[PDB]
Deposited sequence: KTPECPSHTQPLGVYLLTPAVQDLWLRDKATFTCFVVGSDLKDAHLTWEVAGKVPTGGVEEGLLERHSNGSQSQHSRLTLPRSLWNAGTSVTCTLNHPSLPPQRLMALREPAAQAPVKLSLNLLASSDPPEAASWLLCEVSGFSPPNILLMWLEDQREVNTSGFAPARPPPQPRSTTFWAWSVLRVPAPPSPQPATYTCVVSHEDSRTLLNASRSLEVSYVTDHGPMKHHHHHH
């Protein structure tokens, strides 16, 4: 019998902020994915549209990968919609994965952006959220920036907190925006500070 590893990837900040869309990616890794198929369910219904099945991929090591993508309007995401991918293979019982707003999940209360030194160093902080899985993005006049150093989420508390430092070269004035998406508590924070 073949092993099958199926994963469900939640949408990234870039899709949710720059494109007003939430793209869920569900892919199975296997030895022979011919008759293994991925089905979708948005809030318990088969999707009307927005599903774009990927192509089967042979791999050098003998494994095979096939993926399927589902795109939701960001409104459905912030509302807490449930997305359920299913892996159906005739040799195995069905394997469902789910990305849903968790009742036990705390939204990130506050996001704080200020400056720390002068090349300028911009500090973005977000606190009061759980689970600790966090996604952060930096932007420079609606254009994405990557020169950042992100500190993963660290702990009296029920929550976690994280921060990322962005260093921008000393040069035109600019406004920097820090966007954070907590996925299990479908929040999308965003802040602007200017220099």
property	result
Missing CA stretches, deposited numbering from 1, N-terminus first	1-8, 127-132, 170-173, 190-192, 217-234
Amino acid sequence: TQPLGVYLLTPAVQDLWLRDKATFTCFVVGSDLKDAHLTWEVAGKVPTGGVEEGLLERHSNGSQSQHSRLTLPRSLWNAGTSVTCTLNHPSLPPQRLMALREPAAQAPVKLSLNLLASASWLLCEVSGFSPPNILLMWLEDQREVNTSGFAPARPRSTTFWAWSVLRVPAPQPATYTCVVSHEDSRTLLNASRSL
From here on, numbers count along this sequence of modelled residues.
| query | finding |
| --- | --- |
| Of 31-39 and 140-148, the stretch whose C-alpha atoms average the higher B-factor in the entry | 140-148 |
| 80-88 versus 119-127 - greater average Cα B-factor per the deposited record | 119-127 |
| Residue selected from 167, 45, 69, 59 by maximal Cα B factor | 167 |
| Cα B factor band for residue 10 (lowest, middle or highest third within the chain) | lowest |
| Where the record places residue 26 (Cα B-factor, split into thirds across the chain) | lowest |
| Chain thirds of CA B-factor: placement of residue 110 | highest |
| Assigned third (lowest, middle, highest) for the C-alpha B factor of residue 195 | highest |
| Residue 153, C-alpha B-factor rank within chain (lowest, middle or highest third) | highest |
